[PDB]
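Trainee: Opening piece of a complex, kept in its complex position:
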Amino acid sequence: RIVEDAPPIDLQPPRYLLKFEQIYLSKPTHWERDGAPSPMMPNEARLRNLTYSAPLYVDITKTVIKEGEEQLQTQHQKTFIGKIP
């Protein structure tokens, strides 16, 4: 409800727009400093002074407005925003 009910970014000749569509939630996963994923346990979060949080992904669509008789929209999937505990 928060990512849907948001004002778009209409701004300008060509101009680029993007919209947020549907949101996806994963279970918590530890991203180690070398860049490796693993599902982390809460006891591992206590003992190592970590955070027991899960990353958040979303879809973005993109439209161009130039009126050169070509409306090329580019769709995206699973764009990383942040981490929710």
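Mentor: Arrived safely, thanks for sending. Numbers count the residues shown, from 1 in each chain, chains lettered A, B, ... in the order given.

Trainee: check contacts around the nearest residue to residue A:42 once chain neighbours are set aside.
Mentor: Nearest residue to residue A:42 in three dimensions, chain neighbours excluded: residue A:52, at 5.5 Å (C-beta to C-beta, 6 or more residues apart in numbering). C-beta here means a position set from N, CA and C on the backbone, and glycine is covered the same way. Contacts here follow C-beta atoms under 8 Å, 6 or more residues apart in numbering; on that basis residue A:52 touches A:28, A:40, A:42, A:45, A:85.

Trainee: Likewise for residue A:83?
Mentor: A:51, A:53-56.

Trainee: Could you tell me which of those count as buried?
Mentor: Using 16 or more other C-beta atoms under 10 Å as the burial test, the contacts of residue A:83 include A:55-56 as buried.

Trainee: Can you tell me which of the contacts of residue A:83 is closest to residue A:17?
Mentor: Closest to residue A:17 out of these is residue A:56 (22.2 Å), distances taken as C-beta to C-beta.

Trainee: Wait, that closest one touches residue A:79, no?
Mentor: No. In this structure, residue A:56 is not within contact of residue A:79 by C-beta atoms under 8 Å, at 9.7 Å.

Trainee: all helices of chain A, in order?
Mentor: Assigned helices in chain A, in chain order: A:42-47 (criterion: DSSP state H).

Trainee: hang on, the earlier thing: most neighbours of all the contacts of residue A:52, which one?
Mentor: residue A:40 (20 neighbours; other C-beta atoms under 10 Å).

Trainee: Further, place chain B onto the existing structure:
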Amino acid sequence: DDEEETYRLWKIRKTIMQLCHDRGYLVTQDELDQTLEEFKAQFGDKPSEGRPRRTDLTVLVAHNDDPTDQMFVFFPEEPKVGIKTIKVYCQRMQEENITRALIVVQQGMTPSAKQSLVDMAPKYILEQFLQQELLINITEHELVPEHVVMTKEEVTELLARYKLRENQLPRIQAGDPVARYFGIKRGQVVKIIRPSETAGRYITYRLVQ
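Mentor: So that you can see how it sits with the rest, here is chain B on the chains above:
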């Protein structure tokens, strides 16, 4: 109506008779126990279009230890008093050569008249009272102790047999109704004699400023 107003004039007159009796003047005993009927038969029945006018109620009294010192008591006619009436009374005091005066004001004053009462300070000292204030003698009340004004030699033995200065006494401002009852200016010491439950009697002193 009129019976309440002549009741007020009797009670004000009796209050002034104890007042100048307490300041140290010569007051006959017959007008201190003056019952309402002797007032009502002497001066008149009703002041409503009547014989006590608020004129011919004036009282001139004389001091005991010196026959020169006299005091006049004025009962003004109009409710609030301006400067012109104060110049009338001050004119009568000018031609009759009297210094002290009281003005029993009916309803109130005007502030330029009050400034016209504080400005002639070294001569012609006039005092201002109110009709609502003079219906009860505050010296006879339950809470109010005995005040005795002290002469200068007695102030010298106070400030000499306690080894004080003059500012090291307790104080009293000259605007409370008791120091206006006794007519006390700045620089004078009143003696207060009050009974206490620890010793039996306690005498304290106050400097008026």
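
Trainee: and the contacts of residue A:52, now that chain B is in?
Mentor: A:28, A:40, A:42, A:45, A:85 (C-beta atoms under 8 Å, 6 or more residues apart in numbering or on different chains).

Trainee: cool, and residue A:6?
Mentor: residue A:20.

Trainee: that older thread, could you identify the most distant pair in the contacts of residue A:52?
Mentor: A:40 and A:85 (12.4 Å).

Trainee: Show me chain B divided up by domain.
Mentor: Here the domain parsing of chain B from curated CATH domains is B:1-136, B:137-209.

Trainee: number of nearby residues for residue A:14?
Mentor: 9 (other C-beta atoms under 10 Å in any protein chain shown).

Trainee: Quick check: which of the domains of chain B is nearest to residue A:18?
Mentor: Going by C-beta to C-beta, the one of the domains of chain B nearest residue A:18 is domain B:1-136, 79.4 Å.

Trainee: coming back round to it: dump the contacts of residue A:52 to a markdown table, plus distance to residue B:57.
Mentor: What follows is these, written out as a markdown table (distance: C-beta to C-beta, whole Å):
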| residue | distance to residue B:57 |
| --- | --- |
| A:28 | 104 |
| A:40 | 107 |
| A:42 | 103 |
| A:45 | 102 |
| A:85 | 95 |
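
Trainee: of those residues, closest to residue B:16?
Mentor: residue A:85 (90.4 Å).

Trainee: Please enumerate the strands of the chain.
Mentor: Went with chain A since none was named. Taking DSSP state E, the strands of chain A run over residues A:15-25, A:30-31, A:37-38, A:54-65, A:74-75, A:79-84.

Trainee: Actually, chain B is the one I wanted.
Mentor: Under DSSP E, chain B gives strands at B:59-62, B:70-74, B:80-81, B:100-105, B:108-109, B:126-130, B:146-149, B:171-172, B:189-194, B:202-208.

Trainee: then chain C, please:
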Amino acid sequence: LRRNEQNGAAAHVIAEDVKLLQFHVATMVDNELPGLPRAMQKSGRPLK
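Mentor: Let me put chain C in with the others:
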């Protein structure tokens, strides 16, 4: 302020200079005065 009065500035820049010098010598003695939005250094913490 000293070099900008020794170089002959526009004399309306100086008003925004003596105004802020008034603020910076007048906060150090009395910070919690009503009005006059407070001075602060770090984490939004106002000064002592």
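
Trainee: mind redoing the contacts of residue A:52 now chain C's in there?
Mentor: A:28, A:40, A:42, A:45, A:85.

Trainee: if I look at residue A:15, how far off is residue A:74?
Mentor: Residue A:15 sits 14 Å away from residue A:74, going by C-beta to C-beta, to the nearest Å.

Trainee: can you list the contacts of residue A:52 in a markdown table and add distance to residue B:97?
Mentor: A markdown table is the format used below for those (distance: C-beta to C-beta, whole Å):
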| residue | distance to residue B:97 |
| --- | --- |
| A:28 | 111 |
| A:40 | 113 |
| A:42 | 110 |
| A:45 | 108 |
| A:85 | 102 |
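
Trainee: list the helices and strands the helix ranked longest in chain B packs on?
Mentor: What stands out as the longest helix in chain B, according to DSSP H, is helix B:3-23. When contacts are defined as 3 or more C-beta pairs under 8 Å, 6 or more residues apart in numbering or on different chains; DSSP states H and E, helix B:3-23 sits against helix B:36-42, strand B:59-62, strand B:70-74, strand B:100-105.

Trainee: ok, now with 10 Å
Mentor: With contacts defined as 3 or more C-beta pairs under 10 Å, 6 or more residues apart in numbering or on different chains; DSSP states H and E, the packing partners of helix B:3-23 are helix B:36-42, strand B:59-62, strand B:70-74, strand B:100-105, strand B:126-130, strand B:146-149.

Trainee: buried sites along it?
Mentor: Buried residues in helix B:3-23, defined by neighbour count with 16 or more other C-beta atoms under 10 Å in any protein chain shown: B:6, B:9-17, B:19-23.
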